[PDB]
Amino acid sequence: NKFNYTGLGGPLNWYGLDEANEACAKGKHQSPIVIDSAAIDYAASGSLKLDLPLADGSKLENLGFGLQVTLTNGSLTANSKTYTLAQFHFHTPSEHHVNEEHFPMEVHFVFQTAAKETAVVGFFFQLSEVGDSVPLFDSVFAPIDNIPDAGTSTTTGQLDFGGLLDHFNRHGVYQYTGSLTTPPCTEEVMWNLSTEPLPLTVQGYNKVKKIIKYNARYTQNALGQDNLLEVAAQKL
């Protein structure tokens, strides 16, 4: 079983899957982590510029333990450095936790530079009592019925990020420097996580969960601290 979440294919043994995954197991700045709201840094106001232009239907694919939209119109400007949008995707349950609390879902918008430096913009989802939703993501999730098998793809509706955008702009942004949450867990990723969760509906949550199944990396040691697999490796 290749790049999985289960057993021998899962995070505890990604390094054993291919030596190119050293970071996964030896990294001292691995992601996800448990964010301590009263301890992280918050992106300073006006240090972060997120551009997400209206897009036409785009490739939504069943990764197999994953659900990803491919989209290349978008940017994130962190002070002087500009990253351009590669794709966005979903995890269920969330990968990060806040004050130890997890969430039913997390979105990752992945950006890069020509130097292949990476930055992420993430959002947390929280089930809405009142049935509220994010039309953007409704639009994204609409076609899921078309891609039940891993390795198949389809096309979303028009993606309008107006709402997402100014949600991101109206709220704080947890910021830290970590890694990819998938192999090879490359470090030096710039993490930017909106502090305020988006509405999610039961219908949507179940729809997605059934496709993705489970695709979250367990949380890591604190930043700088030994990868907590190397910690476990003493013994013996």
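Sequential numbering from 1, following the sequence displayed.
If you average the C-alpha B-factors over 186-194 and over 43-51, the higher value belongs to 43-51. Relative to one another, 109-117 and 92-100 have unequal mean CA B-factors, and 109-117 is the one with the higher figure. Listed residues 127, 147, 71, 136 were ranked by CA B-factor as deposited; 147 comes out on top. In the deposited entry, the Cα temperature factor of residue 152 sits in the top third of values across the chain's modelled residues. In this PDB entry, the Cα temperature factor of residue 9 sits in the middle third of its chain's modelled residues. Residue 57: CA B factor lies in the middle third for its chain, per the PDB record. Among the modelled residues of its chain, residue 143 has a C-alpha B-factor that falls in the middle third according to the deposited record. In the deposited entry, the Cα temperature factor of residue 21 places it in the highest third of its chain's modelled residues.
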